[PDB]
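Here the structure comes first, spelled out in structure tokens, and everything after it is commentary.
4 protein chains.
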Amino acid sequence: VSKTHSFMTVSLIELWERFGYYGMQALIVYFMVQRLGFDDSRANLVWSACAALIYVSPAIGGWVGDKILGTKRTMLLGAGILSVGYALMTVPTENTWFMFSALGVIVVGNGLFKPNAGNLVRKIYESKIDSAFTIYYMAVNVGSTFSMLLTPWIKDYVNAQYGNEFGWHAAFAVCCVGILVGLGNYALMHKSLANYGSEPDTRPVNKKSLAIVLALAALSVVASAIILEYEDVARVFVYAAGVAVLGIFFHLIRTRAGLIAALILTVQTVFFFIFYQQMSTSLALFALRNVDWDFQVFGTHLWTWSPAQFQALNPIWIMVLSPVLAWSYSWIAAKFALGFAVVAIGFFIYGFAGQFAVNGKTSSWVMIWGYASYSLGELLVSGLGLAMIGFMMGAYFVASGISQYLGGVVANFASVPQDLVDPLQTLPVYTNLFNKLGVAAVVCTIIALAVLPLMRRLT
Amino acid sequence: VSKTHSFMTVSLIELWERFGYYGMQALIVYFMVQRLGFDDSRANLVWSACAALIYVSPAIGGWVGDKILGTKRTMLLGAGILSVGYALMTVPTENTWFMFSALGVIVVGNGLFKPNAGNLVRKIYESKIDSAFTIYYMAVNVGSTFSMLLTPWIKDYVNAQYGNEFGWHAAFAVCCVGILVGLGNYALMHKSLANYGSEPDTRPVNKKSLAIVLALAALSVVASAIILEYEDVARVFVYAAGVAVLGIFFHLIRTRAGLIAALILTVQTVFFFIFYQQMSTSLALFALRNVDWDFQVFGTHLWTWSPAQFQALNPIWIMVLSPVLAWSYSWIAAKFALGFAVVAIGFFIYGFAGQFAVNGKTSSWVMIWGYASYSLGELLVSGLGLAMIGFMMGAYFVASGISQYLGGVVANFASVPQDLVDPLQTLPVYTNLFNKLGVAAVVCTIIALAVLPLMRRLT
Amino acid sequence: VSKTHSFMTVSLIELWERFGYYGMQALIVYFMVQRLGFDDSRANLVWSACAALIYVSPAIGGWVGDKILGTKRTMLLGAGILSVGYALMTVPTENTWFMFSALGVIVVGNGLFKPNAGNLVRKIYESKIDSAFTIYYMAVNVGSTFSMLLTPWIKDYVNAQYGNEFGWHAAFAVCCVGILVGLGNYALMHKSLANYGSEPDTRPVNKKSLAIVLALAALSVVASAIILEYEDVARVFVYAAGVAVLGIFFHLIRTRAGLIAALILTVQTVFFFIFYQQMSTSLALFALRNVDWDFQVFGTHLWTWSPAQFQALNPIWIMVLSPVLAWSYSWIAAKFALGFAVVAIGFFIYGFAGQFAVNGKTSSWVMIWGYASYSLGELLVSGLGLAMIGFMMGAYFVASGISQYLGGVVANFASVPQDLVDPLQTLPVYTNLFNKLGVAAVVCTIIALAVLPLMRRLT
Amino acid sequence: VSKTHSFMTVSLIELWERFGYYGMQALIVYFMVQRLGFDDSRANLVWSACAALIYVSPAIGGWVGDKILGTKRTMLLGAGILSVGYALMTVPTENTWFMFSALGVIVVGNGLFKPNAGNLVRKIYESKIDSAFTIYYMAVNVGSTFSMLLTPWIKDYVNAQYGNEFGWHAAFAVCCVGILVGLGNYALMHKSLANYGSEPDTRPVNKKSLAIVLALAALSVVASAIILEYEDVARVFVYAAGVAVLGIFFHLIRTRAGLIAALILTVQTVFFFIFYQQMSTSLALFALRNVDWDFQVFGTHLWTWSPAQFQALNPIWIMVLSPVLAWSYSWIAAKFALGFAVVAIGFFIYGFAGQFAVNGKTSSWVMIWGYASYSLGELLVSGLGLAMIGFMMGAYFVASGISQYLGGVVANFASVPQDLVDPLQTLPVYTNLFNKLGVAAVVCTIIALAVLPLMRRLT
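From first to last, the protein sequence lines stand for chains C, S, L and U.
As numbered in the deposited numbering, residues 8 to 133, 137 to 265, 271 to 346, 356 to 413, 423 to 492 make up the first sequence, in order.
As numbered in the deposited numbering, residues 8 to 133, 137 to 265, 271 to 346, 356 to 413, 423 to 492 make up the second sequence, in order.
As numbered in the deposited numbering, residues 8 to 133, 137 to 265, 271 to 346, 356 to 413, 423 to 492 make up the third sequence, in order.
As numbered in the deposited numbering, residues 8 to 133, 137 to 265, 271 to 346, 356 to 413, 423 to 492 make up the fourth sequence, in order.
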């Protein structure tokens, strides 16, 4: 059977999509800060609310893909939407509502693409879906590594040779043409995926449901752009969703043994996403303003970084360490506590950066060993949401999304005013946040290690 | 079966009791030194004799709880006695006999409460009593951590805002209201524990035995207060009990193979409690006078300690390391020698403190890594008294109690005269004691490692 | 059965052959640089093309030994040819075509000797041939260690006592008399090997095939000497063979699942031989010009090295670490990635050399810990060519041979002009190459670790 | 059965004998150097020849104990002889022939005591003789630790309070009274050992054989004293015995497969005893002249050593590490190579001593970590002589004895003239020998690791 070839086609279009998205993510925070005139305290909250929307969007799109429309065409619909989003990013305007419209289109497109691509990957292998998903996630990592290394250098190079604006928007065009390369790749190789489909893909398209989801997608783009623009609207929406999550838990508390364990596991999940969201927010600003991009090994100049390419170390270390864990596992929710400790030593790595290297900017090795620890923790604490316990799955998804925004306000603890360009004075606020955050992660380690007898009670 | 809920009620009242006791223990030595005018050489011996009485008191109370009175009501009787004790602590007097009366009431109350709470925990699960006891000890640790972090800060804060006296006595009132919160919690949830009882709890109360134990408790409070007040009385009582222990051993030597192994295991037990008692006595004084409470990680100010809150690191590290040992044990009285070595490296940690940090006061990280080692040793050498071999159980209990006092006189090797306020000059005596104590613990490591062939002979 | 004794005789003649060859290899690069007037950029390429010819020569000789002539007499023919080669090396001339003729004779002699000696070692044990081959490779290592320690010291000593020329040519005579000692040893003990033979050894010699291979050997010596002399001829031949390897792969791509895994394993093989060839080329020059041969341990003078004796650390560490791996393996193409990482840390060892020791010349411990890492990697990534998948075996052999030359041009990245005798200025170019090469090996580690899911797909 | 009690009586008399012997050994080298006027180059050779005689003496005594006389009475005869020896040591004379007579009496007494005590320990348990021998060796270690800590301090104290002579001779009287305490202990508890005996102990004493062994013992005392006195006589005797060992090997080479493996194992045995003998010879002189006896841990004065008490670290570390190996072995002649490497790092510890501490005298921690490594190697390479292959057992015993003397001449590489009292100038010769000896031990590690395929061939 050539089910491997159907898996190759979906892996190719998925690789190019993650190419487009992560080539955009590595630059979006620097884009709001440098090109746009946003102060970092607002760019942190705007990206964080957008990260929450992007994270919880696949739930709606995954249900639309198998119950309302076809999984194949809903994935293609989200791909074309993401094409519109990155093409909206590439027009040279200083308009806030322009980027906000592009970010809302990105939210809807991600939600309609990602879960359906992973859905039919499950469909192809009917249970070695784990074997396919491993190669699937590997193609995702190598594609995001290419983009996160490429699009920031395109930004630097195009701005250097062509002045001021063309850099950022050429990199966003690179994300757009990456989506179009994957769509052209799909238009050529869709024959293998034609056999495996969703429940509605057996039948032709329903234009009622198509017009419904298209008008709702536009209505969802407007809703997401307004949530991003006005920060106070994002706060009330996060608070209302927080009361909703607290409601679902207390409502189910009324029944209820063993769910208190999942409740605890959800509490730690919120703590975890406050740490992991930091590496995209304040750590990016820290790398932008307080890291010497001059990378030299043992006194020899190799290259000079671009502060966005640092985020490419998250996929790299994943591909470096995921085989390490496999063999090391060969030769139990307490592995949360291990991730808490590894996140702690990662923040303490950034606090260490203050000691050894002081010029206003710490060394660049800080980013390497840092992302090593962060990705290591992320490696061994990811997938806990899949092992929960249906109605609670929503509460977990919303809780994780809310924690993306809450981590964004935690990054505001190290927000630098835009009148402070001295890196000698911006280093304290960064190292202070990271040091006390590492203390908070050691606290979380103590919490999970002390609460382990509760977990062993529940088994 | 909801036997879990009966276990939750006893765990709640036990947590609040250990809350009261350890909120009092963390401050009692500093209370005798700072508020009361005791020189440290006397405060060391008075607490050490009180620690001996508190340690061997559960033997009498555990027998009274199942043979004379009801285990439930004897536990409640000890709880009300401990309420009187901490309420006696909270009245603002500089009277020595006031604190001594409170400490004697504490001895009787601990003896009548602790073994009966643990007794009916055994009763509830009739043999997963190990599973219950693990969650039981976990609730004990988290409650003592709260108190040992809270009551010293209450002392600092209330003294800062209200002058001189109210601080210490408010913290002792916090211990008292903690006992009352647990008693109110018991008065509401005693329905679950009503089914499981002792042998006399099947029958109503006997007022003859009640009047006997109440008059004897008062007579025991007077006896304990007099043992504490006059140090020479405590010496003769320890010596007579020492001759008694030596008597029981030689009397049983007359018979007698394999008991010589328990005799050796009792000898090491005496050595061990001389080390572990030190961390409550001289290490507290050392933290009071020669540790910089300014806690900063990598050059960032987090907080400033209170020298009593350092003892909260003993329960913390226990909850941190008891899961570590579990997995590390997955992937034999010689584990005594391991504890000897870990105690040794703990004393050598405090000796190291002299080198790196000298301002008159060593760094505060000394307390962290120290209590890590001490609790680690305590972790892997606790419970050896439960595996002995009945008549010898008394000799082991008395030997361990006597060793609490002997460790108190060992702490007098580093007793500072009260005319020496220069920390530059109080650092030598502390570091010298801790360094030669670490040498003594390495000697004990050599002893147990060399005597292991005797142990293998006995199996 | 005394098959052990037949194995001892072939092991003795093999030991003396590797004695001759490695006593010549350790000096050949220094011979082209110091005695001959070659600039290092040419001596690197000439040796590298010769290393490619020597590496792929056993394929032709192994087929001639069992299909055309007798394995015993073809091995003896190659031994006598190698005798002529080293005797050609020992005549004192500054003639380029003299050394080139000697090197071509060495290529033909190695090809006709080595695979047939190993072939009849397989013949003797018909499957404990692994047990014999382990002792076989051990005798090879100890013999090469003797020569690589002896012949460079003979060069130093004879030049010191006898002027200028006699040193290098006496060491090449030592290689020649070493071949003659093994041939005399064979002429005495060939009775044991007379029973075990090849397919033609059952029958007497065919003089047609003998005259064919002798005229072709002379024609092969001329072809090899011309490939070595003119560098541009070596480039075109490597390029044509590269197109041939690319041809074989694409031709077999037309069919073809699982061969893509061997294709990937061939790609890494090319990368690996670019690293391992470096230790014979630039590392030799680095040891010649930027390593303090004064070897002192903890401030005590032991000896002063000769820069060629450093290559004797490759066999030494092999015999030191091959038992280590055996027990460590007791108590999966990803072991390529492990070798990539160990090669990386080996190059970073040489980059470290710049920091600690600067006098123009780094310490000599650099060579020790370096060759430890290089031989460790070589240890755990050797033998992958034997596990391939017949027609592709040629493509793998040619690819590895081509990579020997490509590693030689990579060594030209650190080629020093002959007008630059200041070691203070030759240290940068060496340390810079080794540091960026270590970066390239970390890149290869990331490649193999990320591509591992492809390997697990193929099993 | 109370066979344990018979084992306790022999363990008590054995403990007191090793008490006497090691209380004498720790001082004998310093006695020849300090009290007697021997230059160290002669005291090294005299002790080394005496160590050879003491090592090979148990062979004759063990055969006399079970074939000629009774094992019990031959052991008692050797005990009374050793009593005469140490009593001969305790008379205050500067006479060379006095000490030589005492040393010869020690050789005969050790030979007649030690193997028979161990022989009837085998007799008592008829195969848990391993369990008995472990407790047996433990009693030996703890007794030698007491003596090696006691008798050097007796020497220091008695010389300080009583002038000049009484110190050394009081410590030798301590060794004598230690033998007499064990003999008095035996005279009281010999009832248990009366049941278990040798083959002749069934029958009464034979006065012919008694007079034979007594006259031969006196003749052996004269022969040993003359071998010790004139160094050239010791050389010729060692050379003749060396030719004898070489003879036995070549004579057995004439037959002979697998014995070549024991031949190799004997070669390494000679190398090993050259290293281990060093720690009693030059390391003692080094500790006497170039080690600061001031022992302080982390800046606190504990005590000041006596340079002979350093040898008590050999039994201590054995009792510390023999349990370590047991558990570490739970969770193959190549363990020779491991001992070679551990001996190497031990010599490199002493070479390290030159770097950190220079006042003319290195730190005292050098002796601690040194003897840790030496005893560790000794731990895991002892007992290889018991696993040989009868007629060769003699060759192995003589080879090990000869290597004791050869190690004594190796110690003469660091012999200091008696006109050089400056420790600033005696430190180089010691550190130079130890550093190049560590290099020699690394060479031995390479030898055994490279020769391991020969060992695997023989199994």
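Backbone N, C-alpha and C define an ideal beta-carbon position, used for all residues, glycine too.
query, result
"Residues, ordered as in the chain, of the segment 290 to 314 of chain L that lie near chain U by beta-carbon distance below 9 Å", "311, 312, 313 and 314"
"Short-range partners of chain L found in the segment 365 to 384 of chain U, where Cβ spacing is below 8 Å", "372, 375, 376, 378 and 379"
"Sequence-distant residues of the same chain with beta carbon closer than 7 Å to residue 416/U, five excluded per side", "Residue numbering in chain U breaks between 413 and 423, and residue 416/U falls inside that break, so it has no position here."
"Delimiting residues of the alpha helix (DSSP H) encompassing residue 152/L", "139 to 172"
"Residue 272/L versus residue 492/L - alpha carbon distance", "11 Å"
"Beta-carbon spacing of residue 305/S, residue 456/S below 8 Å", "yes"
"DSSP bridge partner residues for residue 316/L (one or two, in chain order)", "311/L"
"Members of the segment 145 to 156 of chain S that neighbour chain A once the beta carbon cut-off is set at 8 Å", "In the structure shown, chain A cannot be found, because the protein chains are C, S, L and U."
"Residues sharing a beta bridge with residue 443/U, DSSP", "None; residue 443/U has no bridge partner."
"Distance, residue 129/U Cα to residue 32/S Cα", "57 Å"
"Cα-Cα separation, residue 216/U to residue 83/U", "16 Å"
"Test item: CB-CB of residue 165/S and residue 177/S under 8 Å", "yes"
"Those runs of the alpha helix (DSSP H) which lie wholly inside the segment 209 to 240 of chain S and span at least 4 residues", "217 to 239"
"DSSP bridge partner residues for residue 386/U (one or two, in chain order)", "306/U"
"Where residue 78/S sits in the DSSP three-state scheme", "helix"
"Residue environment, residue 171/L, which counts as buried when at least 16 other CB atoms sit within 10 Å", "exposed"
"Inter-stretch contact at 8 Å, needing at least 3 Cβ pairs: the segment 362 to 373 of chain C / the segment 400 to 407 of chain C", "yes"
"Neighbouring residues, chain U, relative to residue 198/L (Cβ below 8 Å)", "Going along chain U, no residue has its Cβ under 8 Å from residue 198/L, so there is no contact; the nearest lies around 19 Å."
"Burial state of residue 346/U (16 or more Cβ within 10 Å)", "exposed"
"C-beta contact flag for residue 343/L and residue 202/L at 8 Å", "no"
"Same chain, Cβ closer than 8 Å to residue 440/S, neighbours up to 5 away in sequence not counted", "55, 288, 289, 290, 291, 292, 293 and 296"
"Buried/exposed call for residue 51/S, threshold 16 Cβ in 10 Å", "buried"
"C-alpha gap between residue 107/L and residue 244/L, whole angstroms", "13 Å"
"Nearest candidate by alpha-carbon position, reference residue 259/U, set 282/U, 143/U and 46/U", "282/U"
"First and last residue of the uninterrupted alpha helix (DSSP H) at residue 47/S", "47 to 70"
"Any chain U beta carbon closer than 8 Å to residue 338/L", "yes"
"Alpha-carbon spacing of residue 324/L relative to residue 160/L, whole angstroms", "8 Å"
"Chain-ordered neighbours of residue 317/L on chain U, where CB pairs are closer than 8 Å", "468, 469 and 472"
"Per-residue burial, residue 135/S [other beta carbons within 10 Å of its own, 16 or more giving buried]", "Missing from the coordinates: residue 135/S, inside the break in chain S from 133 to 137."
"Residue 434/U, buried or exposed, once every other Cβ within 10 Å from all chains shown has been counted against 16", "buried"
"Listed by chain order, chain L residues near residue 349/C by CB distance under 7 Å", "Missing from the coordinates is residue 349/C; the shown part of chain C jumps over it, going from 346 to 356."
"Rounded separation between residue 465/L and residue 375/L - CA only", "7 Å"
"Cβ-Cβ distance between residue 471/S and residue 368/S below 8 Å", "yes"
"Contacts of residue 334/S in chain C (Cβ-Cβ under 7 Å)", "479, 482 and 483"
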